[PDB]
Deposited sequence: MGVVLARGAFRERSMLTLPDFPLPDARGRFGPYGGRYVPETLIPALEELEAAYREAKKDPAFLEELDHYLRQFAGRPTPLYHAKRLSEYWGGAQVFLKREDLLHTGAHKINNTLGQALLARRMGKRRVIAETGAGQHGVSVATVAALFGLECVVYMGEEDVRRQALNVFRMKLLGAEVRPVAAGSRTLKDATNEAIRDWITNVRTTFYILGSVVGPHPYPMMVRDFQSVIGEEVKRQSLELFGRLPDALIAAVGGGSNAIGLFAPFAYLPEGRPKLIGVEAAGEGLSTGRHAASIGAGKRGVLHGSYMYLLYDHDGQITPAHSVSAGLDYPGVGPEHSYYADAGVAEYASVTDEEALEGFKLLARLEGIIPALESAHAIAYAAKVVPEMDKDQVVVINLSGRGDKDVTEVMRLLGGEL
């Protein structure tokens, strides 16, 4: 493992005009303590060696770059390869970042890690990692969410995490984030706040990317050892997560002929494209979670680095309808025997619109962020065939 040193973000956490840390003076000291501790850690071979050991032994890295022969033939276009992040522990790509942040918590001396969770996957990713290192864990979760996520709540309790219900406001992720951040600020000396999103204040965006970058670097290597060259295009779902960021960053900052990068977002309800693309075309920008970025003032935003990618021209952003995503979901399962997370099914849907036109000798990599076993019931709610 080698943590990158990309030309961006800059010292202030800026990717061009995007990024930064537009936060209250109460958060500042905590964030600068973190940034400093992270800058040090990424250089230390002791940290790198340890991180690498856990990614391999615990998370199960590196993940295979799987050739979907049936998919390739079905589309009749370029050869399609799947980066199997679904074969990770917890079942999500999230763990690369959670493992990295928890390890930095231990290295900083913190004995406690907190985070917030909506659906519950993050909460489980954090609870899981805290168990590995033996850290006290508290996950803030809106009450609404706590009732429609009994399973994941039980898992967190099994992992030994304390799930702290949030009744405030509308009892959702939004509220949980406030209770959490406040906790972290008060208990900064002993606690670390684990954020898995690429949309947030510096150095979170840079840190999440760096930890997720192990995805693209593996693709870069696996490709060179497989085709003697890099892919023609990389396709991944985008939406305030981190999945695409890890795949993209190792190629975004490369010279002229890097592979084409395609971020696929969910069609904005009442729109023809996603919020990001829509913001790019309209030129509307704003601040979100102390991060300047494209904002159409699913997620309200996709992040500063993705905003930079758009203007730098290293990545284009497309969208697909809810129906096209379900079509992608059913497709992969039927042809490859792999049930992908709904997020990834979106990437599959878009690849359907561009892979067929490409040459049969070209290579395309699609990122499978996680497994769909979590989304099976939601997809089956619309029970049919």
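Comparing the deposited sequence with the modelled residues, the stretches lacking C-alpha coordinates are 1 to 15, 313 to 328, 417 to 418.
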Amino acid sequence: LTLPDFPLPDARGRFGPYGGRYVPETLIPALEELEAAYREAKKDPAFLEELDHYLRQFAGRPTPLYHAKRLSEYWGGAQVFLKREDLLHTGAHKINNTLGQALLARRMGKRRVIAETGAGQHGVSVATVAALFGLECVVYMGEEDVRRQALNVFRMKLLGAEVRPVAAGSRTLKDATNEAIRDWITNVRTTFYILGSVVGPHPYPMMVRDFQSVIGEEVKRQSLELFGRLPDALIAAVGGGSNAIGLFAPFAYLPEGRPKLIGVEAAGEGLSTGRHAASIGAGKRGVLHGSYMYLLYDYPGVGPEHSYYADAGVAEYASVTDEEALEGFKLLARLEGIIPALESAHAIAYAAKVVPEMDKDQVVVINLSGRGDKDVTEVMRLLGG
From here on, numbers count along this sequence of modelled residues.
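Of the two segments examined, 311 to 319 and 277 to 285, it is 277 to 285 that shows the higher average Cα temperature factor in the deposited entry.
As listed in the deposited structure, the average C-alpha B-factor of 36 to 44 and of 57 to 65 is greater for 36 to 44.
The PDB entry assigns its highest CA temperature factor, among 128, 222, 152, 213, to 152.
Of the residues listed, 165, 77, 250, 231, the entry assigns the biggest Cα temperature factor to 165. Among all modelled residues in its chain, residue 9 ranks in the lowest third by Cα B-factor. Sorting the modelled residues of the chain by their CA temperature factor places residue 194 in the lowest third. In this PDB entry, the Cα temperature factor of residue 116 sits in the middle third of its chain's modelled residues. Sort the chain's modelled residues by C-alpha temperature factor and residue 99 lands in the lowest third, per the entry. In this PDB entry, the Cα temperature factor of residue 133 sits in the middle third of its chain's modelled residues.
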